[PDB]
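**Student:** The structure under discussion is supplied below as structure tokens; questions concerning it will follow.
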Amino acid sequence: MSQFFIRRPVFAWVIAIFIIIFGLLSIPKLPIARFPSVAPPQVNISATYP
Amino acid sequence: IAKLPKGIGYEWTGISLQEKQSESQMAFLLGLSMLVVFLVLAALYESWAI
């Protein structure tokens, strides 16, 4: 209920600060790639009969 | 080792490698814990200084 937070701005600001800190921690450790693992996986068996 | 003859290198092994890759982690975690405690206490007391 917004009335809880209107009379208690500090606790609303604390929630936002927690979210901001968590996101700033997450961004550095997120992998970066053009596309996710979209292609079907493949397993290859290689045999030799010289 | 850097003062040794050319062509001779080195590698850390065992707990040494773990220590090398765990530098400053304790300080970062301590700072983050202090920040989280401050935020929680500010939320509890509805004050930025208490």
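Labeling convention for the structure tokens: chains A, B, ... as they appear, residues from 1 per chain, ligands from 1 in order of appearance.
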Find the residues in chain B near chain A: any atom within 10 Å counts, using only C-alpha atoms. Write them as a count of residues only.

**Tutor:** 14

**Student:** Can you check which residues of chain A DSSP gives as alpha helix (DSSP H) on the backbone and send them as a PyMOL selection string?

**Tutor:** chain A and resi 2-6+9-29
